[PDB]
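Peer 1: generate a structure from the sequence data that follows.
(chains A, B, C, D, E, F and G)
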Amino acid sequence: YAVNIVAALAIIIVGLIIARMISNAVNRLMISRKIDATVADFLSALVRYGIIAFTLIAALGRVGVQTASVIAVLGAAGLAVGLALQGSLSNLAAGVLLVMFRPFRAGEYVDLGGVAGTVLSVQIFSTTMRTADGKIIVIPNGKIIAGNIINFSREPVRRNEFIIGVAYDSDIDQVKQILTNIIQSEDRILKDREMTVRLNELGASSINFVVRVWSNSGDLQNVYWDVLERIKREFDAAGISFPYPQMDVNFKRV
Amino acid sequence: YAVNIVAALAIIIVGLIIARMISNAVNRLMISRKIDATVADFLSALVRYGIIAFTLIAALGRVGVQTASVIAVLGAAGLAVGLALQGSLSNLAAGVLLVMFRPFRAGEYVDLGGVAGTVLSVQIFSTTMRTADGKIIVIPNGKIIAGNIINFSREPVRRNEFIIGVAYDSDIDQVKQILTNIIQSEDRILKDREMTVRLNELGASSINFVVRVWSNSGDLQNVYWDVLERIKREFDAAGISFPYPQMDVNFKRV
Amino acid sequence: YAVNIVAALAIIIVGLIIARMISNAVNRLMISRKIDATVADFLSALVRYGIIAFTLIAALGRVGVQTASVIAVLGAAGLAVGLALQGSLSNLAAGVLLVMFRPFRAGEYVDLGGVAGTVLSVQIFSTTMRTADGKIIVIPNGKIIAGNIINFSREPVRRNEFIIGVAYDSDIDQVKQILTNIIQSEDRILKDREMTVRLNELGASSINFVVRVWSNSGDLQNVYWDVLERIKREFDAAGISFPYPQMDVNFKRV
Amino acid sequence: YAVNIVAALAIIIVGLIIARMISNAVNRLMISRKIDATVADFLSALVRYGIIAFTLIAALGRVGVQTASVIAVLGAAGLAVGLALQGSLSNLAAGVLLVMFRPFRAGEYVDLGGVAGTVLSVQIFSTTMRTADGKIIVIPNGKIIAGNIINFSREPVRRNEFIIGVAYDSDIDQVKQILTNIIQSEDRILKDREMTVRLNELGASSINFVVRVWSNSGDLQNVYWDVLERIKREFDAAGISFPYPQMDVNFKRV
Amino acid sequence: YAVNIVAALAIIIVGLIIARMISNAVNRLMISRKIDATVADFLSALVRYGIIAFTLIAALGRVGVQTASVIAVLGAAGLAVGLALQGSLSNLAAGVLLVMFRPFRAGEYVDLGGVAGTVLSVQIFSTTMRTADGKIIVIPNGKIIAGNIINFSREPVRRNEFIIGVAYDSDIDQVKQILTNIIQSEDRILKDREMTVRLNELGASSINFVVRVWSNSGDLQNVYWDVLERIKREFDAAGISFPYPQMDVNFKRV
Amino acid sequence: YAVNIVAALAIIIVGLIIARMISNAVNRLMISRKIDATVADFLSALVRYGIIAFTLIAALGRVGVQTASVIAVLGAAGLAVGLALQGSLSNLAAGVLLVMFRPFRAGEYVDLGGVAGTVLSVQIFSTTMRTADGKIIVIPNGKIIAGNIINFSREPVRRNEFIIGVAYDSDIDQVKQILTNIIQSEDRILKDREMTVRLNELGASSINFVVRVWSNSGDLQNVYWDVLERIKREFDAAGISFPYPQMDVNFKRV
Amino acid sequence: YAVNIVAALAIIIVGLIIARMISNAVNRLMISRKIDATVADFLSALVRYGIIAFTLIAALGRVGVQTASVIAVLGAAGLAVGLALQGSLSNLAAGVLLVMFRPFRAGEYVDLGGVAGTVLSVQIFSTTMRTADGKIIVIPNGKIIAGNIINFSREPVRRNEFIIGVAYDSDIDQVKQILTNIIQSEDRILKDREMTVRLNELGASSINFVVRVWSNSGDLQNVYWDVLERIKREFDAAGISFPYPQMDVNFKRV
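Peer 2: Numbers count the residues shown, from 1 in each chain, chains lettered A, B, ... in the order given. Structure data below:
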């Protein structure tokens, strides 16, 4: 009877010294690893309150008090902390998944669901990537894994799609001749792949030719800019008119 | 009383020699399987902390301290890891579902909810597919199973829909005659299927004929381009005018 | 004391032979039914690891070690696999619900929440349906049950709605006379149902008559196309003008 | 010792014969009710595997093996089936709620969050409703309860809102006189309720009068069509002009 | 030994008679209060199956069979019914909270996240409200509590905002004089509150004055209509022009 | 044996009298605090059913239910109530957060994710706030914590941004001179802060100057209105034209 | 027998004095910390009711009444409070994550998914940040972690993108010469990085040159404004016309 009481006080004193030991130990461990001391002491007070809660419940169990009430409420409070940390630990799990199944490496130009940039680093909780215009975007890993990963650096060839609106009076064969001469005289265009120049659309004010052209993934934007400037030059020289928005107006004297 | 004593320490030392050996074993196993050697030791430290937690709880239970507090908090922490890994393990389950119920195979041109490409591979956690313009999209499997799978390589015949806007003054029977001559003289159009040429819409500035035409799944875009170019040529030759946006203007000199 | 040790090793050996024979049996059942070998051996390794986990826990319990730690973590790992498989087993439950409460059968042209096609088959995890333009859409059953099911093959008679924009100067009674003559002389229109021709809207540039017309579900699109072509013909013959977008211009010379 | 073994084999044989008899009984109970046999045999195999799992667990417990691991994993698999059936059983609960608290009955024209039609039947898992244009929409009950229920057949009177755009030069008092004569000479308009004819908006090209008019729920669309046709007739007769889109243009030079 | 068997059959017979009496009593209670019997018989069959399940597994426990596997599956089926009834019970909890914290009473014109109407009644599961145009909307209580409650009947004074577009040629001080004379000569406008007449915006074709004016919550729409009609009258009398959409057109004849 | 019977009937009678006492006390406390007799009687009936459920189970346990059948079902029914209560008391937790972290509690004009107004009161489940146009919006606290809080009375100085579109013929230095004279002669503009007058955009028909100007949080709307009216006055006085939507028009033949 | 009754009353009295002392102690602890007593007494009454509930259940267990029913309902109520506090404790966990993995510090101009401003402080539950236009936005931490963190202060160099629309008649080489002279004569433009001046687009009415220019993060907006004003000045001096929206008008003249 009193043996359970002295055993319970023994559990209390060993639990308090273990609580102070583990609390100060994780204080030292987060001062050494991390930098902050305020939230380190906050988490250390959380762990200290956890160990003294564990040992107070174990002591009230050693006395003989049926202790399942605080067991159920402490389990639901741990489950509260669990459904809280669902997002952060999901970022952790997506991070280890994204570094063991790696669809991008540090330097691969990707498009992670609406933002596109070169991956500077894949950390444990987030990938830092630098945008094309200098912005640093720190995307969490759950937002990456839960969406698509459009990797632009895994295939060495990509495809420019030019859409040229010419007038309806413009001859289809002359436009196709000039566009084929432009995309054939250009050296960075892969000739062994698709080189489509065909009438894509009968537009409202114009008529739209599509020019689908494969090139290297590094020369892609320069092929777009050079073939577009050459299209403008050769079309203005050859008399083919890029039309303005056209209206037919039926005038009426009131 | 002493039977619980150092026999509990025998449990706590038979557990540490299992914890270290299982940590070293999963380090060697994941170095053999998928080398990272930097989050591999983190997962090994997680498994080590789990096994030493199991054996510390079992040793405190063998002594006589009623362990149901750390049991409930460890179960809630396991459920935290569970609701964390909900997304990744749902990708795994959707991957084994997608490879045992396979709606696409490696090479089938599909459309998985807004992105469309040829599936290069269906891995365990993601399908890599190459877009029509060269981009590699690594879609997770839960995002595929949670949405539609529009497969273009399962049926060998598909349907082009042309919408030709002609002027309101143009004769309906002449447009239907010329469009039927275009879709009948074209050989890749399946003649035993639907060949609809009918007045679809009375538009604002135009009047829209629909041309629904069945052709083979490989010949489909070429049928679209050739029949559209032939429509432009034969309509310009026959005098039917594709109209511009039309306005009726009632000018008022003020 | 040692009786529990030899009993624990007995549970160990019967569990290892059970872990071999159940894994071999599910390899048999997955090679015969739903044929695959790689992910079938993956699932077999999962079932083998599960059975050896069950029997290692049972052996450590039969020895005398309080084993509730791995019980709670294994229950939370089962709950991890459960909240993972939530989506796939919800597709399973929605599939058996969709086939025992069947709102569509194999062949019924439906509209399952933004995609519309004829249901080729209702499988256990997904309905395959062929779109009107040849595409095969494999919709999961949870996405079908969680949204509406617009069935076009359940009523034999449906309703075309024409909206004819005529000019503001056109006589309302002449337009109603001509539209009623068109929808009365057409034989596939159900005359015993609603045949509405009334002035629907005072539009911006036009004035919109509505023509609500009931006809059979197979003849519906042909009734639409024939009555629309007849509307264009008879309105052009009778002098009623479908107007262009109208502007009133008050020009004032700066 | 061996008494527990023969008792365990007794539980094994009574559970196997109970599993076979209850699988045959649930097969009869489904084939009499829902006359699909394939998914009936699937659910029967599920119930058979569940009861033989129950009795294998009970036998391994009666032998003396601590059968807590398979109980925890089986409870988590029951929770897998539970979070799976969350959607379908939520449709069931919303169906019994929607038929015991019934905001619509079979025949009542409603608008269940988007789609709008007359409810043909409220079943247990879904309400079938027929749209105004003939389409059958089978809406699940959770989608109905989770959204608004805009019931049109609960109140016998409703309100038409005409918006008449007249020119800026038109006299406000003459428009209000003519609109009040139109909405007063019409007999299906409830005269004891609100009859608003007032200047609602100073539009861009027009000026918008609102006409808010109460009438019976069956006469509502006919009141709209007749008062709109009368508005067009009397406004064209009295010289009030529904204006086209108006532009003030300041002409300039090159 | 046989004492447990006769005790188990005793629990069987008392549980079957309690199951029949509670099933028939719940059926009678759902007849006298919930007149529909087609789902009352189903709910009573559910309660009957539940009580016979409880007493069958209680008798299987009283025999001596370790029964804690069907306890886990039954407690997961109860949690299936729980996560099913999550929506309906959330409507019940939001209803009792919406009637003990009442932000609207029966008759108060509100806007419950989108739809807006006068609350006819707040029931336990839904608030019925009549729209301004006669429609009856039965909003569930979880959708009300989860969103905003814009109550228009809690403050007796509200604010009209007129936005008058005048021409750029119009004098600012004359427009402000006429608008201030209109909003000062009007008696239902609260003169002790804000009366703003100031230049709000330099629009594309016009220039927009804002007139923010406080008036009583019942007189608000009539103040809007009377001040807008007076603005049109006084501005047409004073020569200030409400401008049409303006274009500056540069002639480029060739 | 019969001692457990008389003890069970003792538990029955003490539980029934405690049920009546606690239900009467809860009805007293609810008719004192949160007065509504109908739903307080409903909640007291729920608490009465709960206490008679607890005591019927606790009495029938010793003569019966054999380790937690009805307890395992009642715990899941408690969690059924608990998911409803998590949806509702997420507002209570957010309310005690919103009071102990005090982001707007005094009456500060804020913008709580969309709607914006002066906070009338922060209650326990909702913040009532009065909009700028008189509407009372009762936002729940979970909707506030789940979104941003844009507090306008936390910083005493804020920023007006004028965007002035002038013509392309306007001299940039003259526009910058006049705008700097307007924003320098105005006394409520903070001159020690940013005063930006620079060419923001080359518009389609205009050219847009940005005027970023810091002023006090009370004087800000009056600074906007006064500087905008002064911009219109001085720009019309100095010959700088606010352009209409310009449109170069190239004439053609029929 | 009576020893359990006097022990139960002992637990009752020690739990009541412990409940009063912990309730008043957390009143004192919060009044020292956060000095709203009105919710401090609310939380203190919650903790008092929790401790008296724990000790009432412990006393009913020490008497001998099987008390697992209220254990299950109290655990489900703890899970109700936990899943209610899910969002608040997720903000807490995201706050300690955001301060131990800090992607922004106090002062770093960021864009936290939409809103963008300089982070004034990162607290435990929210980050306060001041917008560029003076507004104070208190973003919760879970909303920050759940989205991207676009940090503008981590890289010292960023990129302006000018899009200059010139006329179609303008010479491409003259525009590229003038734009290269502007972006080369400007000193704050980083010349060792990308300096792109190339033909980006053939627009509808214009033709769009892109000018991608790298400059320091503090000089970025001033580089944009200075190069845009210089583009307007030098282009008007050199005769290059920024075109208005262009229409081609075909006179039909009825």
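Peer 1: stretch A:3-14 vs chain B: in contact?
Peer 2: Yes: applying CB under 8 Å from any CB of the partner chain, one finds stretch A:3-14 in contact with chain B at A:7, A:11. To be clear about C-beta, it is placed using only N, CA and C from the backbone, and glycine gets the same treatment.
Peer 1: that stretch and chain G, are they touching?
Peer 2: No: applying CB under 8 Å from any CB, one finds stretch A:3-14 separated from chain G by no less than 12.3 Å.
Peer 1: in three-state terms, label residue A:197 for me.
Peer 2: Classification of residue A:197 using DSSP: H, G, I helix; E, B strand; the rest coil returns strand.
Peer 1: hmm, residue A:190 and residue A:212 touching each other?
Peer 2: No: if you go by CB atoms under 8 Å, residue A:212 and residue A:190 don't touch, sitting 11.6 Å apart.
Peer 1: go through chain A and flag its longest helix.
Peer 2: helix A:2-33 (DSSP state H).
Peer 1: smallest gap between chain A and chain F, at which residue?
Peer 2: Nearest residue of chain A to chain F, counting by CB to the nearest CB: residue A:244, 6.7 Å away.
Peer 1: and the nearest residue to that residue once chain neighbours are set aside, how far from residue F:249?
Peer 2: Nearest residue to residue A:244 in three dimensions, chain neighbours excluded: residue G:246, at 4.1 Å (CB to CB, 6 or more residues apart in numbering or on different chains). Residue G:246 sits 8 Å away from residue F:249, going by CB to CB, to the nearest Å.
Peer 1: also residue A:128?
Peer 2: 51 Å.
Peer 1: show me which of these two is the more surrounded one.
Peer 2: Using other CB atoms under 10 Å in any protein chain shown, the more surrounded residue of residue A:128 and residue F:249 is residue F:249, with 22 against 19.
Peer 1: quick one: the helices in the stretch 1-150 of chain A, in order.
Peer 2: Ranges of helices in the stretch 1-150 of chain A, per DSSP state H, counting those that start in this stretch, are A:2-33, A:38-63, A:68-84, A:86-100, A:141-145.
Peer 1: for chain C, find the nearest of the ones you listed.
Peer 2: With CB to the nearest CB as the yardstick, what comes closest out of the helices of the stretch 1-150 of chain A is helix A:68-84 (9.2 Å).
Peer 1: tell me the contacts of the residue lying closest to residue A:243 once chain neighbours are set aside?
Peer 2: In this structure, residue A:243 finds its nearest non-sequential neighbour in residue A:167, 4.3 Å apart by CB to CB, 6+ apart. Listed by CB atoms under 8 Å, 6 or more residues apart in numbering or on different chains, the contact set of residue A:167 reads A:206, A:207, A:240, A:241, A:242, A:243.
Peer 1: got the domain ranges for chain A?
Peer 2: In terms of domains, chain A is parsed into A:1-102, A:103-154, A:155-240 (source: CATH domains of a matching chain).
Peer 1: quick one: end-to-end length of the first one, please.
Peer 2: Using CA to CA, to the nearest Å, one end of domain A:1-102 lies 61 Å from the other.
Peer 1: how far does it sit from its chain's centre?
Peer 2: The chain centroid and the centroid of domain A:1-102 are separated by 34 Å under CA atoms, centre = their mean, to the nearest Å.
Peer 1: same deal with stretch A:151-162?
Peer 2: Here stretch A:151-162 is found 19 Å from its chain centre; the criterion is CA atoms, centre = their mean.
Peer 1: measure that stretch end to end?
Peer 2: End-to-end distance for stretch A:151-162: 22 Å, by CA to CA.
Peer 1: anything in that stretch near chain B?
Peer 2: Yes: interface with chain B: stretch A:151-162 contributes A:151, A:152, A:154, A:155, A:157, A:158, A:159, A:161 (CB under 8 Å from any CB).
Peer 1: for that stretch, buried residues please.
Peer 2: Neighbour-count burial for stretch A:151-162, counted by 16 or more other CB atoms under 10 Å in any protein chain shown, picks out A:151, A:152, A:153, A:154, A:158, A:159, A:160, A:162.
Peer 1: and the closest residue to residue A:96 other than its chain neighbours, how far from residue B:30?
Peer 2: Excluding the flanking residues, the one nearest residue A:96 by CB to CB, 6+ apart is residue B:39, at 5.1 Å. To residue B:30, residue B:39 is 9 Å away according to CB to CB.
Peer 1: how about the residue lying closest to residue A:226 once chain neighbours are set aside, phi and psi?
Peer 2: Spatially, and ignoring its direct neighbours in sequence, residue A:226 is nearest to residue A:186 (6.7 Å; CB to CB, 6+ apart). Main-chain torsions, residue A:186, degrees, to the nearest 10: phi -90, psi 130.
Peer 1: which residues does residue A:186 contact?
Peer 2: A:223, A:226, A:227, A:230.
Peer 1: let's check: the centremost residue of chain A is which one?
Peer 2: By CA atoms, centre = their mean, chain A has its centre lying nearest to residue A:112, at 3.4 Å.
Peer 1: pull up the residues of chain A that are close to chain F.
Peer 2: Contacts of chain A with chain F, taken as CB under 8 Å from any CB, map to residue A:244.
Peer 1: burial check on whatever residue of chain A ends up closest to chain D, number of neighbours?
Peer 2: Nearest to chain D in chain A, going by CB to the nearest CB, is residue A:252, at a distance of 10.5 Å. Using other CB under 10 Å, the number of residues around residue A:252 comes to 14.
Peer 1: cool, and residue A:131?
Peer 2: Neighbours of residue A:131 (other CB under 10 Å): 16.
Peer 1: tell me what it is bridged to.
Peer 2: With DSSP bridges applied, residue A:131 shows beta-bridge pairing to residue A:117.
Peer 1: show me what contacts it?
Peer 2: Contacts of residue A:131 (CB under 8 Å, 6+ apart): A:115, A:116, A:117, A:137, G:150.
Peer 1: list the contacts of the closest residue to the first one other than its chain neighbours.
Peer 2: Read that as residue A:115. Take residue A:115 and drop its neighbours on the chain: the residue closest to it by CB to CB, 6+ apart is residue A:137, 5.2 Å away. Going by CB under 8 Å, 6+ apart, residue A:137 touches A:115, A:117, A:128, A:129, A:130, A:131, G:148, G:149, G:150, G:151.
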